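What follows is data07.txt (compact mmCIF, C-alpha atoms).
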```
# COMPACT_ATOMS: atom_id res chain seq x y z
CA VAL F 2 -181.55 6.23 -71.92
CA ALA F 3 -181.26 7.37 -75.53
CA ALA F 4 -179.77 5.17 -78.26
CA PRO F 5 -177.96 7.30 -80.88
CA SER F 6 -177.63 6.57 -84.59
CA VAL F 7 -175.78 3.57 -86.02
CA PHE F 8 -173.78 3.39 -89.25
CA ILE F 9 -171.93 0.34 -90.56
CA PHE F 10 -169.58 0.01 -93.54
CA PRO F 11 -167.51 -2.83 -95.06
CA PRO F 12 -163.70 -2.87 -95.42
CA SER F 13 -161.89 -1.02 -98.20
CA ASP F 14 -162.00 -2.61 -101.65
CA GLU F 15 -158.30 -3.44 -101.35
CA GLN F 16 -158.62 -4.16 -97.63
CA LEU F 17 -160.41 -7.46 -98.23
CA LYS F 18 -157.87 -8.30 -100.94
CA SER F 19 -155.34 -8.38 -98.10
CA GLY F 20 -156.87 -11.71 -97.13
CA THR F 21 -159.08 -10.46 -94.31
CA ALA F 22 -162.34 -8.51 -94.09
CA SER F 23 -162.75 -5.86 -91.39
CA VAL F 24 -166.09 -4.20 -90.68
CA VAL F 25 -166.32 -0.77 -89.05
CA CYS F 26 -169.24 0.91 -87.30
CA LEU F 27 -169.65 4.56 -86.32
CA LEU F 28 -171.41 5.39 -83.05
CA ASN F 29 -173.05 8.72 -82.23
CA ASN F 30 -173.22 10.58 -78.91
CA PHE F 31 -174.76 8.00 -76.58
CA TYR F 32 -176.48 8.51 -73.22
CA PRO F 33 -175.39 5.58 -71.01
CA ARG F 34 -171.64 5.22 -70.53
CA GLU F 35 -172.24 1.50 -71.01
CA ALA F 36 -173.13 2.02 -74.67
CA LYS F 37 -171.90 -1.03 -76.58
CA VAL F 38 -172.43 -1.62 -80.30
CA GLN F 39 -173.28 -5.14 -81.45
CA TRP F 40 -172.03 -6.76 -84.66
CA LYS F 41 -174.28 -8.46 -87.20
CA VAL F 42 -173.37 -9.96 -90.58
CA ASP F 43 -175.71 -11.88 -92.88
CA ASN F 44 -177.93 -12.52 -89.86
CA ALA F 45 -174.90 -13.67 -87.87
CA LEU F 46 -173.68 -11.93 -84.72
CA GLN F 47 -169.93 -11.31 -84.56
CA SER F 48 -168.83 -12.08 -81.00
CA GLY F 49 -165.15 -12.29 -80.10
CA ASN F 50 -164.09 -11.13 -83.56
CA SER F 51 -164.31 -7.46 -82.57
CA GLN F 52 -162.05 -5.19 -80.52
CA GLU F 53 -161.86 -1.39 -80.42
CA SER F 54 -160.60 1.34 -78.09
CA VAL F 55 -162.57 4.05 -76.30
CA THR F 56 -162.63 7.63 -77.60
CA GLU F 57 -162.34 10.67 -75.33
CA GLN F 58 -165.28 13.07 -75.15
CA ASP F 59 -165.02 16.20 -77.30
CA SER F 60 -164.25 19.62 -75.83
CA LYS F 61 -166.12 22.07 -78.06
CA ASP F 62 -169.40 20.63 -76.77
CA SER F 63 -168.13 17.91 -74.43
CA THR F 64 -169.86 15.38 -76.68
CA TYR F 65 -169.25 11.63 -76.78
CA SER F 66 -168.46 9.08 -79.49
CA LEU F 67 -167.31 5.48 -79.92
CA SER F 68 -166.19 3.15 -82.71
CA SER F 69 -165.98 -0.62 -83.11
CA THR F 70 -163.44 -2.60 -85.14
CA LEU F 71 -164.59 -5.93 -86.57
CA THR F 72 -161.91 -8.44 -87.59
CA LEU F 73 -162.98 -11.20 -89.97
CA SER F 74 -161.17 -13.53 -92.37
CA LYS F 75 -161.37 -13.17 -96.15
CA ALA F 76 -163.28 -16.45 -96.42
CA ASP F 77 -165.36 -15.61 -93.35
CA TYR F 78 -166.76 -12.47 -94.98
CA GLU F 79 -166.99 -14.23 -98.35
CA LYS F 80 -169.81 -16.35 -96.93
CA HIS F 81 -171.56 -13.16 -95.80
CA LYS F 82 -172.72 -10.04 -97.62
CA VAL F 83 -175.03 -8.12 -95.28
CA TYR F 84 -173.60 -5.75 -92.67
CA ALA F 85 -175.53 -4.14 -89.81
CA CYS F 86 -174.68 -2.61 -86.44
CA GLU F 87 -176.91 -1.56 -83.53
CA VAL F 88 -176.23 -0.01 -80.12
CA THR F 89 -177.25 -1.83 -76.94
CA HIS F 90 -177.56 -0.80 -73.29
CA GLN F 91 -179.82 -0.61 -70.24
CA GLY F 92 -182.18 1.40 -72.42
CA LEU F 93 -183.43 -0.45 -75.49
CA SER F 94 -181.91 -3.32 -77.48
CA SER F 95 -181.62 -1.12 -80.57
CA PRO F 96 -183.15 2.19 -81.73
CA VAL F 97 -182.98 1.65 -85.49
CA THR F 98 -181.78 -1.35 -87.51
CA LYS F 99 -179.41 -0.24 -90.26
CA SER F 100 -178.08 -2.91 -92.63
CA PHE F 101 -176.85 -3.16 -96.23
CA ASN F 102 -175.99 -5.91 -98.71
CA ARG F 103 -172.60 -6.09 -100.43
CA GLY F 104 -173.21 -8.98 -102.81
CA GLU F 105 -176.94 -9.58 -103.23
CA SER F 106 -180.28 -9.09 -101.47
CA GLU F 107 -181.46 -11.45 -98.73
CA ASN F 108 -184.69 -12.35 -100.52
CA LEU F 109 -183.62 -15.40 -102.52
CA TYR F 110 -183.41 -19.17 -102.11
CA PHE F 111 -180.52 -20.98 -100.42
CA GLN F 112 -177.15 -20.83 -102.17
```
Could you take the file, read its structure, and then write that structure out as structure tokens?
Amino acid sequence: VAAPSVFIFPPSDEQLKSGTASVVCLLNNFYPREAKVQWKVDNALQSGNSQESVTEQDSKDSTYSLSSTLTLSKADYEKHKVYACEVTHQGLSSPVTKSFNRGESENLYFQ
């Protein structure tokens, strides 16, 4: 098994203004067909609040790719700030942990 790269990004500036925050994660050509990307926000896993469709393998190189759609409420995301996504499967839990803060760093006292 070989866990590909993982990239996560917050919803559009105006997107959140709509009254709901939606996180998106880009998955790279994975090995195992059971490649599922996990959601993580401010050290909080997002289970149930995510639903995306499967993408067909390319043709130029018969490659593979998948994307996840996270659906969160405006207030829900307001409490969070960090966004990270990692791929999971029979192989390893996660190859590389990629996260980023939207409001402030996670090295301060309680708020």
Exercise for review: Extract, using all atoms listed in the file, all DNA, RNA and protein residues at most 9 Å from range 31-46 of chain F, discarding same-chain residues fewer than 3 positions from it, and format them as a ChimeraX atom specification.
Suggested key: /F:2-7,24,26,28,51,64-69,71,78,80-92,100,102,107
Exercise for review: Take CA of residue 106 in chain F and CA of residue 9 in chain F and report the distance between them in Å, one decimal.
Suggested key: 16.7 Å
Exercise for review: May I ask for the distance between CA of residue 95 in chain F and CA of residue 70 in chain F, given in Å to one decimal place?
Suggested key: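 A separation of 18.8 Å between them.
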Review point. In Å, with one decimal, what is the gap from CA of residue 16 in chain F to CA of residue 50 in chain F?
Key: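 Separation between CA of residue 16 in chain F and CA of residue 50 in chain F: 16.6 Å.
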Exercise for review: Check the smallest atom-to-atom distance from each of F:94, F:54, F:63, F:72 to residue 25 in chain F using all atoms listed in the file, then report the winner.
Suggested key: F:72
Review point. Nearest to residue 17 in chain F among F:104, F:111, F:74, F:98, with distances taken over only C-alpha atoms: which residue is it?
Key: F:74
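Ranking F:73, F:21, F:14, F:49 by their shortest atom-to-atom distance to residue 103 in chain F, with all atoms listed in the file included, puts F:14 first.
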